[PDB]
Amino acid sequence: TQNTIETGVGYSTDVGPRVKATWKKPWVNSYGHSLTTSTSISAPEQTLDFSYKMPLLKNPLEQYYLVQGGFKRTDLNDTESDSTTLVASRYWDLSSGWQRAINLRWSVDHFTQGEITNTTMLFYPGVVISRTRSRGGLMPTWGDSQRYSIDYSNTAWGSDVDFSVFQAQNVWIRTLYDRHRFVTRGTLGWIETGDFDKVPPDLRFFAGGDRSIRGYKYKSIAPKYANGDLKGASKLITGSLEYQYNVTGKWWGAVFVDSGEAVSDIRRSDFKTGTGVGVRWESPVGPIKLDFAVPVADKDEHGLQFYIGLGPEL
């Protein structure tokens, strides 16, 4: 067919309801080209992207250009942002599973972080290497994803700020005796810059929240200003261990521990840890999850955080 509407929904105690919706148009001409429009909506973040794919005649499934553009509005913690991005990319897929991409990103960001207000126009190249593999379906019995990236902004060719961003993340799924499923998750982040105040909050690191540190409020962990407002971190390390047990039928019970930090001086570790129990049901439409988590050994943070939605899990 010609148009497709995918549509997810979510809820969590920190963020509230959350709806995504994508509108894919798989062919637009006999030149292969395709278009995806996406939009996400929650109280704190709202997004609207477009993504235009153009296959190359020589090896059309392996190689393609991408043109993505987006708007984003953020109202979260001590962050307030208007964002507009454009990306030209060159992708090399392999049957070997690895996607390799060169990026050329443009953005204008109007933001307030705490009491600092700025307007940053960025223009930078970058590289991505990624691979997601799974086997056993929509709630895979086995799989892993890895994304590694490097972005390099320099003032020499028009960008507002000199910075280097390095990113890494792993997700690992393994089953043992068809009944004991283990989800393992790892995330590294690092931005080297002499002008952190000019960097948009999107490019700063914050920790906590679902798929970061369950039990802590979404993006609530990071260095503060002298006034106490959230500043954002130049370094992120977060991780999770989850064990899942198939109770009966398509019903699983899960126990998990997340832990991590967002710091600007890696010699000053401030590691926050969260923990909880959950349920997974393999619904006809994909895996539905439900998590309860509390903060662990924390004197300023307490309180149950609870989460529900259609998790991609990888």
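For every residue, the number given is its place in the sequence shown, counted from 1.
The question of which stretch, 97-105 or 211-219, has the higher mean Cα B factor is settled in favour of 97-105. The PDB entry reports B-factors from which the mean C-alpha value can be compared for 195-203 and 88-96; the larger average falls on 88-96. Among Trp281, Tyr245, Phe256, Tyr64, the highest C-alpha B-factor in the deposited entry belongs to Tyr64. Across the residues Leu188, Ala156, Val128, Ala233, the deposited record lists the maximum Cα B factor for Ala156. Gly260 sits in the lowest third of its chain by CA B factor, as recorded in the PDB entry. When the modelled residues of the chain are ordered by their C-alpha B factor, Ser30 lands in the highest third. In the PDB entry, a CA B factor belonging to the lowest third of its chain's modelled residues is recorded for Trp252. Residue-level temperature factors show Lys272 in the middle third of its chain, judged at the C-alpha atom. Residue-level temperature factors show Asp229 in the middle third of its chain, judged at the C-alpha atom.
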